[PDB]
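Asker: For reference, this is run-v4.cif, and it has mmCIF, C-alpha atoms.
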data_upload
#
loop_
_atom_site.group_PDB
_atom_site.id
_atom_site.type_symbol
_atom_site.label_atom_id
_atom_site.label_comp_id
_atom_site.auth_asym_id
_atom_site.auth_seq_id
_atom_site.Cartn_x
_atom_site.Cartn_y
_atom_site.Cartn_z
ATOM 1 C CA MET A 1 -26.439 -16.564 2.958
ATOM 2 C CA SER A 2 -23.912 -16.282 5.801
ATOM 3 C CA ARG A 3 -20.492 -15.126 4.553
ATOM 4 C CA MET A 4 -19.596 -14.068 0.997
ATOM 5 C CA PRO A 5 -17.447 -11.484 -0.911
ATOM 6 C CA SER A 6 -18.427 -8.291 0.934
ATOM 7 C CA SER A 7 -15.029 -6.612 1.542
ATOM 8 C CA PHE A 8 -15.477 -3.886 -1.081
ATOM 9 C CA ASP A 9 -13.566 -0.789 0.054
ATOM 10 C CA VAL A 10 -12.953 0.484 -3.520
ATOM 11 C CA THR A 11 -9.208 0.111 -2.886
ATOM 12 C CA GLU A 12 -6.919 0.150 -5.933
ATOM 13 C CA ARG A 13 -4.011 -1.679 -4.272
ATOM 14 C CA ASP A 14 -4.316 -4.994 -6.169
ATOM 15 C CA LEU A 15 -1.481 -4.193 -8.591
ATOM 16 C CA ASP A 16 0.406 -2.513 -5.724
ATOM 17 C CA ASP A 17 0.651 -5.837 -3.865
ATOM 18 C CA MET A 18 1.548 -7.684 -7.087
ATOM 19 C CA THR A 19 4.414 -5.277 -7.856
ATOM 20 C CA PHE A 20 5.631 -5.650 -4.251
ATOM 21 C CA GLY A 21 6.234 -9.354 -4.918
ATOM 22 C CA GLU A 22 8.904 -8.334 -7.458
ATOM 23 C CA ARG A 23 10.814 -5.980 -5.128
ATOM 24 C CA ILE A 24 11.170 -8.729 -2.490
ATOM 25 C CA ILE A 25 12.949 -10.876 -5.122
ATOM 26 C CA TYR A 26 16.034 -8.681 -4.565
ATOM 27 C CA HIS A 27 16.472 -10.238 -1.102
ATOM 28 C CA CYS A 28 16.169 -13.744 -2.592
ATOM 29 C CA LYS A 29 19.183 -12.967 -4.814
ATOM 30 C CA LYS A 30 21.345 -12.505 -1.694
ATOM 31 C CA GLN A 31 20.639 -16.045 -0.455
ATOM 32 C CA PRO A 32 19.097 -18.206 -3.239
ATOM 33 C CA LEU A 33 17.796 -21.675 -2.322
ATOM 34 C CA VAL A 34 17.342 -24.798 -4.461
ATOM 35 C CA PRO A 35 14.503 -26.818 -2.783
ATOM 36 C CA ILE A 36 12.836 -23.893 -0.977
ATOM 37 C CA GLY A 37 13.832 -21.278 -3.560
ATOM 38 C CA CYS A 38 12.132 -23.167 -6.398
ATOM 39 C CA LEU A 39 8.952 -23.654 -4.340
ATOM 40 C CA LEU A 40 9.012 -19.960 -3.358
ATOM 41 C CA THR A 41 9.411 -18.676 -6.937
ATOM 42 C CA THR A 42 7.071 -21.228 -8.557
ATOM 43 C CA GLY A 43 4.542 -21.082 -5.712
ATOM 44 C CA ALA A 44 4.592 -17.254 -5.707
ATOM 45 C CA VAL A 45 2.823 -16.792 -9.060
ATOM 46 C CA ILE A 46 0.980 -20.131 -8.644
ATOM 47 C CA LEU A 47 -1.623 -18.395 -6.432
ATOM 48 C CA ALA A 48 -1.763 -15.296 -8.695
ATOM 49 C CA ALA A 49 -2.571 -17.403 -11.783
ATOM 50 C CA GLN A 50 -5.405 -19.080 -9.827
ATOM 51 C CA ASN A 51 -7.068 -15.752 -8.990
ATOM 52 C CA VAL A 52 -6.721 -14.658 -12.642
ATOM 53 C CA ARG A 53 -8.197 -17.982 -13.862
ATOM 54 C CA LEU A 54 -11.238 -17.585 -11.572
ATOM 55 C CA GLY A 55 -11.813 -13.905 -12.343
ATOM 56 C CA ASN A 56 -11.452 -14.575 -16.100
ATOM 57 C CA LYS A 57 -13.645 -17.693 -16.321
ATOM 58 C CA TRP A 58 -16.436 -15.694 -14.646
ATOM 59 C CA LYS A 59 -17.245 -12.856 -17.018
ATOM 60 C CA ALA A 60 -20.437 -11.110 -18.063
ATOM 61 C CA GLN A 61 -19.477 -10.344 -21.695
ATOM 62 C CA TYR A 62 -15.905 -9.561 -22.800
ATOM 63 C CA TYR A 63 -12.570 -9.123 -21.010
ATOM 64 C CA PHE A 64 -10.444 -6.307 -22.461
ATOM 65 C CA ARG A 65 -7.906 -6.791 -19.643
ATOM 66 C CA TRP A 66 -6.872 -10.035 -21.411
ATOM 67 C CA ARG A 67 -4.992 -7.851 -23.933
ATOM 68 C CA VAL A 68 -2.686 -6.346 -21.290
ATOM 69 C CA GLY A 69 -2.738 -9.640 -19.363
ATOM 70 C CA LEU A 70 -0.500 -11.194 -22.034
ATOM 71 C CA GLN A 71 1.700 -8.098 -22.537
ATOM 72 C CA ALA A 72 2.730 -8.200 -18.856
ATOM 73 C CA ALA A 73 2.784 -12.033 -18.828
ATOM 74 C CA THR A 74 5.583 -11.980 -21.423
ATOM 75 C CA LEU A 75 7.379 -9.191 -19.520
ATOM 76 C CA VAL A 76 8.031 -11.581 -16.599
ATOM 77 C CA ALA A 77 9.732 -14.017 -19.020
ATOM 78 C CA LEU A 78 11.947 -11.280 -20.546
ATOM 79 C CA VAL A 79 12.878 -9.750 -17.168
ATOM 80 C CA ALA A 80 13.703 -13.240 -15.827
ATOM 81 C CA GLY A 81 16.366 -13.773 -18.510
ATOM 82 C CA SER A 82 17.547 -10.122 -18.409
ATOM 83 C CA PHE A 83 18.268 -10.437 -14.664
ATOM 84 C CA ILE A 84 21.195 -12.831 -15.196
ATOM 85 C CA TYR A 85 22.428 -10.700 -18.122
ATOM 86 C CA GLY A 86 23.015 -7.530 -16.088
ATOM 87 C CA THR A 87 22.143 -4.815 -18.613
ATOM 88 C CA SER A 88 21.216 -2.006 -16.200
ATOM 89 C CA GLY A 89 19.946 -1.878 -12.612
ATOM 90 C CA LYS A 90 18.576 1.670 -12.983
ATOM 91 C CA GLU A 91 16.249 0.401 -15.747
ATOM 92 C CA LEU A 92 14.101 -1.171 -12.995
ATOM 93 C CA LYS A 93 13.143 2.283 -11.673
ATOM 94 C CA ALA A 94 12.521 3.600 -15.213
ATOM 95 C CA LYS A 95 10.343 0.595 -16.103
ATOM 96 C CA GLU A 96 8.405 1.022 -12.843
ATOM 97 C CA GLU A 97 7.448 4.571 -13.870
ATOM 98 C CA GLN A 98 5.911 3.273 -17.120
ATOM 99 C CA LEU A 99 3.589 1.024 -15.079
ATOM 100 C CA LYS A 100 2.754 3.939 -12.754
ATOM 101 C CA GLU A 101 1.590 6.032 -15.729
ATOM 102 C CA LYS A 102 -0.633 3.146 -16.895
ATOM 103 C CA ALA A 103 -2.366 3.002 -13.485
ATOM 104 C CA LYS A 104 -3.287 6.704 -13.595
ATOM 105 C CA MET A 105 -4.316 6.514 -17.270
ATOM 106 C CA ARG A 106 -6.560 3.467 -16.738
ATOM 107 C CA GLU A 107 -8.137 5.040 -13.635
ATOM 108 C CA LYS A 108 -11.032 7.247 -14.765
ATOM 109 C CA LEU A 109 -12.321 9.696 -12.144
ATOM 110 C CA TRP A 110 -14.476 11.608 -14.674
ATOM 111 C CA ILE A 111 -16.449 9.104 -16.777
ATOM 112 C CA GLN A 112 -17.465 5.534 -15.890
ATOM 113 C CA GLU A 113 -19.406 2.905 -17.857
ATOM 114 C CA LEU A 114 -22.186 1.098 -15.973
ATOM 115 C CA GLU A 115 -24.904 -0.587 -18.053
ATOM 116 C CA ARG A 116 -25.096 -4.169 -16.730
ATOM 117 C CA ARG A 117 -27.683 -3.900 -13.933
ATOM 118 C CA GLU A 118 -28.420 -7.633 -13.575
ATOM 119 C CA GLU A 119 -24.725 -8.318 -12.891
ATOM 120 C CA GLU A 120 -24.842 -5.886 -9.947
ATOM 121 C CA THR A 121 -27.966 -7.629 -8.600
ATOM 122 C CA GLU A 122 -25.946 -10.881 -8.511
ATOM 123 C CA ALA A 123 -22.790 -9.621 -6.738
ATOM 124 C CA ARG A 124 -24.886 -7.648 -4.207
ATOM 125 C CA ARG A 125 -26.037 -10.907 -2.559
ATOM 126 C CA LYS A 126 -22.455 -11.862 -1.642
ATOM 127 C CA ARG A 127 -21.684 -8.289 -0.534
ATOM 128 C CA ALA A 128 -24.752 -8.448 1.744
ATOM 129 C CA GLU A 129 -23.343 -11.283 3.902
ATOM 130 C CA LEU A 130 -19.829 -10.421 5.199
ATOM 131 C CA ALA A 131 -16.113 -10.786 4.384
ATOM 132 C CA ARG A 132 -12.760 -11.133 6.175
ATOM 133 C CA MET A 133 -10.440 -9.517 3.562
ATOM 134 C CA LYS A 134 -9.015 -12.517 1.675
ATOM 135 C CA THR A 135 -6.415 -10.525 -0.296
ATOM 136 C CA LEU A 136 -5.145 -8.699 2.807
ATOM 137 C CA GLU A 137 -4.985 -12.018 4.692
ATOM 138 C CA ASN A 138 -2.732 -13.512 1.997
ATOM 139 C CA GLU A 139 -0.439 -10.461 2.255
ATOM 140 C CA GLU A 140 0.175 -11.324 5.923
ATOM 141 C CA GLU A 141 0.583 -15.034 5.065
ATOM 142 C CA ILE A 142 3.624 -14.288 2.863
ATOM 143 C CA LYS A 143 5.058 -11.902 5.487
ATOM 144 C CA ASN A 144 5.171 -14.790 7.987
ATOM 145 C CA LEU A 145 7.208 -16.919 5.554
ATOM 146 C CA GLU A 146 9.753 -14.086 5.231
ATOM 147 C CA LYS A 147 10.287 -14.196 9.019
ATOM 148 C CA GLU A 148 11.789 -17.689 8.584
ATOM 149 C CA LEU A 149 14.756 -16.111 6.754
ATOM 150 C CA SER A 150 15.617 -13.926 9.763
ATOM 151 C CA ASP A 151 14.758 -16.698 12.245
ATOM 152 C CA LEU A 152 17.146 -19.030 10.360
ATOM 153 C CA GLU A 153 20.061 -17.250 12.080
ATOM 154 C CA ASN A 154 18.872 -18.576 15.454
ATOM 155 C CA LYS A 155 17.693 -21.889 13.936
ATOM 156 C CA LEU A 156 21.241 -22.841 12.900
ATOM 157 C CA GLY A 157 22.707 -21.474 16.127
ATOM 158 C CA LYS A 158 25.532 -19.369 14.683
ATOM 159 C CA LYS A 159 24.471 -15.734 15.163
ATOM 160 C CA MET B 1 -17.585 27.488 5.676
ATOM 161 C CA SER B 2 -20.590 25.345 4.703
ATOM 162 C CA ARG B 3 -20.294 26.329 1.027
ATOM 163 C CA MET B 4 -16.590 25.450 0.770
ATOM 164 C CA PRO B 5 -15.910 21.896 -0.559
ATOM 165 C CA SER B 6 -12.480 21.018 0.863
ATOM 166 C CA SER B 7 -12.854 17.231 0.361
ATOM 167 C CA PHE B 8 -12.774 14.902 3.380
ATOM 168 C CA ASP B 9 -12.368 11.391 1.949
ATOM 169 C CA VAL B 10 -12.300 8.796 4.742
ATOM 170 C CA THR B 11 -9.617 6.467 3.356
ATOM 171 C CA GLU B 12 -8.677 3.259 5.193
ATOM 172 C CA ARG B 13 -5.035 3.582 4.074
ATOM 173 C CA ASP B 14 -4.775 7.208 5.279
ATOM 174 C CA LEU B 15 -2.274 6.344 8.025
ATOM 175 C CA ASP B 16 -0.753 3.608 5.822
ATOM 176 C CA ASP B 17 0.534 6.302 3.435
ATOM 177 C CA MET B 18 2.536 7.854 6.293
ATOM 178 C CA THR B 19 3.757 4.395 7.386
ATOM 179 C CA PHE B 20 5.444 4.064 3.965
ATOM 180 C CA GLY B 21 7.958 6.700 5.103
ATOM 181 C CA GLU B 22 9.548 4.037 7.333
ATOM 182 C CA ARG B 23 10.033 1.599 4.425
ATOM 183 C CA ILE B 24 12.074 4.137 2.415
ATOM 184 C CA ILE B 25 14.475 4.486 5.387
ATOM 185 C CA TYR B 26 16.100 1.183 4.337
ATOM 186 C CA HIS B 27 17.335 2.877 1.138
ATOM 187 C CA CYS B 28 19.073 5.639 3.122
ATOM 188 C CA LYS B 29 20.401 2.995 5.555
ATOM 189 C CA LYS B 30 22.953 2.065 2.866
ATOM 190 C CA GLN B 31 25.754 4.539 3.661
ATOM 191 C CA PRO B 32 23.679 7.438 5.116
ATOM 192 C CA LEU B 33 25.152 10.932 4.703
ATOM 193 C CA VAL B 34 24.943 13.715 7.302
ATOM 194 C CA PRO B 35 24.211 16.736 4.998
ATOM 195 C CA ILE B 36 21.794 14.912 2.666
ATOM 196 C CA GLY B 37 20.408 12.780 5.506
ATOM 197 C CA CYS B 38 19.248 15.858 7.432
ATOM 198 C CA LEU B 39 17.229 17.333 4.543
ATOM 199 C CA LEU B 40 16.088 13.833 3.494
ATOM 200 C CA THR B 41 14.725 12.783 6.906
ATOM 201 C CA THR B 42 13.575 16.187 8.212
ATOM 202 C CA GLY B 43 12.343 17.237 4.765
ATOM 203 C CA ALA B 44 10.231 14.067 4.521
ATOM 204 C CA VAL B 45 8.813 13.967 8.070
ATOM 205 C CA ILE B 46 7.938 17.691 7.921
ATOM 206 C CA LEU B 47 5.348 16.933 5.205
ATOM 207 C CA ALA B 48 3.344 14.600 7.466
ATOM 208 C CA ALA B 49 4.076 16.678 10.589
ATOM 209 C CA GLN B 50 2.603 19.768 8.889
ATOM 210 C CA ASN B 51 -0.758 17.995 8.490
ATOM 211 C CA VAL B 52 -0.873 17.264 12.237
ATOM 212 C CA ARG B 53 0.250 20.806 13.122
ATOM 213 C CA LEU B 54 -2.596 22.239 11.012
ATOM 214 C CA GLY B 55 -5.184 20.317 13.031
ATOM 215 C CA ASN B 56 -3.485 21.275 16.307
ATOM 216 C CA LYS B 57 -3.758 24.983 15.429
ATOM 217 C CA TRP B 58 -7.517 24.795 14.803
ATOM 218 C CA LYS B 59 -9.359 21.962 16.571
ATOM 219 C CA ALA B 60 -11.375 22.732 19.734
ATOM 220 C CA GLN B 61 -13.036 19.303 19.419
ATOM 221 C CA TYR B 62 -12.176 15.844 20.809
ATOM 222 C CA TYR B 63 -9.043 15.046 22.832
ATOM 223 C CA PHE B 64 -8.520 11.361 21.939
ATOM 224 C CA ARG B 65 -6.770 11.807 18.573
ATOM 225 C CA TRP B 66 -4.201 14.025 20.326
ATOM 226 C CA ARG B 67 -3.446 11.284 22.885
ATOM 227 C CA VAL B 68 -2.552 8.705 20.217
ATOM 228 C CA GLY B 69 -0.730 11.391 18.217
ATOM 229 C CA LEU B 70 1.732 11.980 21.064
ATOM 230 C CA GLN B 71 2.370 8.222 21.307
ATOM 231 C CA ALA B 72 3.277 8.163 17.599
ATOM 232 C CA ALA B 73 5.679 11.108 17.991
ATOM 233 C CA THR B 74 7.518 9.288 20.798
ATOM 234 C CA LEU B 75 7.470 5.995 18.851
ATOM 235 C CA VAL B 76 9.207 7.465 15.779
ATOM 236 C CA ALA B 77 11.815 8.994 18.116
ATOM 237 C CA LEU B 78 12.324 5.713 20.009
ATOM 238 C CA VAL B 79 13.109 3.779 16.809
ATOM 239 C CA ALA B 80 15.911 6.284 16.086
ATOM 240 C CA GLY B 81 17.777 5.187 19.214
ATOM 241 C CA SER B 82 17.294 1.531 18.245
ATOM 242 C CA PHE B 83 18.717 2.153 14.749
ATOM 243 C CA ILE B 84 22.067 3.452 16.044
ATOM 244 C CA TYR B 85 22.013 0.861 18.858
ATOM 245 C CA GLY B 86 21.826 -2.210 16.618
ATOM 246 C CA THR B 87 21.015 -4.639 19.437
ATOM 247 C CA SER B 88 17.740 -6.338 18.455
ATOM 248 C CA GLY B 89 17.116 -6.874 14.744
ATOM 249 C CA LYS B 90 13.819 -8.769 15.009
ATOM 250 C CA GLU B 91 12.609 -6.126 17.502
ATOM 251 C CA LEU B 92 12.352 -3.521 14.718
ATOM 252 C CA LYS B 93 10.182 -5.892 12.652
ATOM 253 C CA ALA B 94 7.912 -6.640 15.631
ATOM 254 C CA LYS B 95 7.614 -2.900 16.371
ATOM 255 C CA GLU B 96 6.117 -2.202 12.929
ATOM 256 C CA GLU B 97 4.070 -5.426 13.085
ATOM 257 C CA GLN B 98 2.320 -4.245 16.268
ATOM 258 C CA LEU B 99 1.363 -1.027 14.442
ATOM 259 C CA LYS B 100 -0.296 -3.030 11.644
ATOM 260 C CA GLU B 101 -2.182 -5.220 14.139
ATOM 261 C CA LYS B 102 -3.362 -2.097 16.002
ATOM 262 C CA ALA B 103 -5.011 -0.743 12.832
ATOM 263 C CA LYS B 104 -6.926 -3.998 12.262
ATOM 264 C CA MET B 105 -7.906 -4.220 15.949
ATOM 265 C CA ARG B 106 -9.240 -0.641 15.894
ATOM 266 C CA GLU B 107 -11.398 -1.426 12.840
ATOM 267 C CA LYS B 108 -14.702 -2.732 14.230
ATOM 268 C CA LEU B 109 -18.265 -3.191 12.943
ATOM 269 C CA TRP B 110 -19.894 -1.779 16.100
ATOM 270 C CA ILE B 111 -17.886 1.467 16.166
ATOM 271 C CA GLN B 112 -18.488 3.558 13.033
ATOM 272 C CA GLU B 113 -18.379 7.179 11.833
ATOM 273 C CA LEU B 114 -21.455 8.950 13.238
ATOM 274 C CA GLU B 115 -22.954 10.913 10.336
ATOM 275 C CA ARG B 116 -24.898 14.019 11.387
ATOM 276 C CA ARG B 117 -27.379 16.147 9.412
ATOM 277 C CA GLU B 118 -24.709 18.829 8.892
ATOM 278 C CA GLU B 119 -22.147 16.195 7.843
ATOM 279 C CA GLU B 120 -24.550 14.743 5.250
ATOM 280 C CA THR B 121 -25.250 18.138 3.648
ATOM 281 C CA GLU B 122 -21.530 18.999 3.732
ATOM 282 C CA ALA B 123 -20.613 15.703 2.027
ATOM 283 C CA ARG B 124 -22.964 16.541 -0.868
ATOM 284 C CA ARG B 125 -21.147 19.810 -1.645
ATOM 285 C CA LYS B 126 -17.745 18.214 -0.969
ATOM 286 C CA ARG B 127 -18.342 15.535 -3.624
ATOM 287 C CA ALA B 128 -20.214 17.931 -5.943
ATOM 288 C CA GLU B 129 -17.108 20.118 -6.319
ATOM 289 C CA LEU B 130 -14.208 17.619 -6.222
ATOM 290 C CA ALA B 131 -12.162 15.257 -4.034
ATOM 291 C CA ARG B 132 -8.417 15.979 -4.120
ATOM 292 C CA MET B 133 -5.796 13.666 -2.597
ATOM 293 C CA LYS B 134 -2.671 15.709 -1.805
ATOM 294 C CA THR B 135 -1.383 13.106 0.685
ATOM 295 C CA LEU B 136 -1.331 10.412 -2.025
ATOM 296 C CA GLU B 137 0.025 12.774 -4.708
ATOM 297 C CA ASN B 138 2.822 14.007 -2.413
ATOM 298 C CA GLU B 139 3.751 10.382 -1.620
ATOM 299 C CA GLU B 140 4.784 9.989 -5.287
ATOM 300 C CA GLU B 141 7.561 12.562 -4.715
ATOM 301 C CA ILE B 142 9.400 10.029 -2.516
ATOM 302 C CA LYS B 143 9.802 7.765 -5.579
ATOM 303 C CA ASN B 144 11.887 10.392 -7.407
ATOM 304 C CA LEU B 145 13.953 11.084 -4.269
ATOM 305 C CA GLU B 146 14.661 7.352 -3.881
ATOM 306 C CA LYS B 147 15.799 7.129 -7.523
ATOM 307 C CA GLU B 148 18.528 9.693 -6.759
ATOM 308 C CA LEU B 149 19.902 7.463 -3.980
ATOM 309 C CA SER B 150 20.216 4.597 -6.489
ATOM 310 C CA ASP B 151 22.450 6.790 -8.687
ATOM 311 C CA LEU B 152 24.875 7.224 -5.758
ATOM 312 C CA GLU B 153 25.633 3.477 -5.883
ATOM 313 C CA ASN B 154 26.650 3.718 -9.556
ATOM 314 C CA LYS B 155 28.861 6.729 -8.755
ATOM 315 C CA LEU B 156 30.766 4.698 -6.135
ATOM 316 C CA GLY B 157 31.595 2.028 -8.718
ATOM 317 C CA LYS B 158 29.069 -0.818 -8.515
ATOM 318 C CA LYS B 159 27.017 -0.622 -11.727
#
Can the structure in the file be given as structure tokens, please?
Answerer:
Amino acid sequence: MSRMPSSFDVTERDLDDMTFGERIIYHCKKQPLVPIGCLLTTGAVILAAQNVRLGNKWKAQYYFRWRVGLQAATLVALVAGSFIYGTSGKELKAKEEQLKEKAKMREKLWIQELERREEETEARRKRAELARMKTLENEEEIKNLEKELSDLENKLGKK
Amino acid sequence: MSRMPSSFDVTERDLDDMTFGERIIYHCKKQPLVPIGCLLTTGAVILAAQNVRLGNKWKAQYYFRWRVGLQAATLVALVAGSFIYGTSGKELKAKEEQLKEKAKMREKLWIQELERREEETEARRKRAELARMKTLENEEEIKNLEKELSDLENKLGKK
């Protein structure tokens, strides 16, 4: 035991970072790329599906989140085709609210279920070593890639 | 008072919430109005400023937090001059980047919150009653304000 998942700051910003990846897409619309654009769009969710495949494969009993996992999964396919359509831009803000209400509803600050004791005894070992914030690190990793867009101006040598 | 649970949750994203106020500025950047801009900027900064003013009124303890506080007040004012200047674009990005790095640098394993006997007993009552988060709840108000700005675009004749 040297270094394992120990960065547990009870922070509910997982979905916050995920939703942020959709807002940045607006900038991509301004200057869409073919070779890099495809790798950016495809590679964006490529890492999110890996984290969901690891967290799902490793379960203690049942995963109720799977239900909503598909509901939102299909939403990305409908919003992808609705983007080109151009129904309503304001709808984005209205749809965002719906998700906001789900976050508060799901979050229970009154009652919490905690029966599995053995499961806690397993994850405590990793939390007893040390962590370097993997999620946060990835957030900075994508920020660096965005800098290339602004740096491109100097790269070409026009402005 | 000892028997007065006011809630003192030590959140890691406490300052981050205030930092979000800079991100919303981009929305106003698109054709900023004088009348609405005054109440929008001043009306938003006053919320966070009030929190600092409250501590300034009644403190009589520690003089380090006040030192960094002054630096922040001058920083937010300095960026204003850069906005109207429009000389260095990447500079603005680096300015905010340094702030993020500072937070991570400050966070250390050696230096931690020294819990005293009085603090321990106070925490018990604080949690026993309830832990309210006005800073986070008030942050939600900005979402509604931003939505109004989006409507202005439609009024002009875009969507």
Asker: Need the axis-aligned box for segment 57-71 of chain A with 3 Å each side, so what are the centre and edges in Å to one decimal, as AutoDock Vina command-line options?
Answerer:
--center_x -9.4 --center_y -12.0 --center_z -19.3 --size_x 28.1 --size_y 17.4 --size_z 15.3
Asker: For the provided coordinates, the residues matched by the PyMOL selection byres ((chain A) within 9 of (chain B)) should be stated as a ChimeraX atom specification.
Answerer: /A:9,11,88-90,93,147,150-151
Asker: With chain A laid on chain B by least squares, using all C-alpha atoms in order, how large is the RMSD?
Answerer: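 Computed on C-alpha atoms only, the RMSD stands at 3.2 Å.
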Asker: In Å, with one decimal, what is the gap from atom CA of residue 52 of chain A to atom CA of residue 103 of chain B?
Answerer: 29.1 Å
Asker: Have a look at B:41, B:98, B:50, B:7 and name the one nearest to residue 142 of chain B; count only C-alpha atoms.
Answerer: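 The closest residue to residue 142 of chain B is B:41.
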Asker: Could you give me, as a ChimeraX atom specification, the residues within 10 Å of residue 123 of chain A, counting only C-alpha atoms and dropping anything in the same chain fewer than 3 positions from it?
Answerer: /A:4-6,118-120,126-128
Asker: Please identify all polymer residues within 12 Å of residue 51 of chain A, counting only C-alpha atoms, omitting same-chain residues fewer than 4 positions from it, and present them as a list in words.
Answerer: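 Here the qualifying residues turn out to be residues 14, 18, 45, 46, 47, 55, 56, 57, 58, 134 and 135 of chain A.
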Asker: Take the residues from that selection and put them in a file with C-alpha atoms, as a CSV table (one decimal), in the frame of the given file.
Answerer:
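What follows is the written file result_29.csv:
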chain,number,residue,atom,x,y,z
A,14,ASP,CA,-4.3,-5.0,-6.2
A,18,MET,CA,1.5,-7.7,-7.1
A,45,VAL,CA,2.8,-16.8,-9.1
A,46,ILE,CA,1.0,-20.1,-8.6
A,47,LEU,CA,-1.6,-18.4,-6.4
A,55,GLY,CA,-11.8,-13.9,-12.3
A,56,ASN,CA,-11.5,-14.6,-16.1
A,57,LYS,CA,-13.6,-17.7,-16.3
A,58,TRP,CA,-16.4,-15.7,-14.6
A,134,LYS,CA,-9.0,-12.5,1.7
A,135,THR,CA,-6.4,-10.5,-0.3
Asker: Could you expand the PyMOL selection byres ((chain A and resi 44) around 12) into the explicit residues it covers here, written as a PyMOL selection string?
Answerer: chain A and resi 18+20-22+24-25+36-43+45-50+138-139+141-142+145
Asker: Using atom CA of residue 84 of chain A and atom CA of residue 30 of chain A as the two end points, give the distance in Å to one decimal.
Answerer: 13.5 Å
Asker: Have a look at atom CA of residue 133 of chain A and atom CA of residue 111 of chain A and let me know their distance in Å, one decimal.
Answerer: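 Computed distance, atom CA of residue 133 of chain A to atom CA of residue 111 of chain A, equals 28.2 Å.
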Asker: Using only C-alpha atoms for the distances, tell me which of B:96, B:113, B:91, B:148 is nearest to residue 19 of chain B.
Answerer: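 Selected residue with least distance to residue 19 of chain B: B:96.
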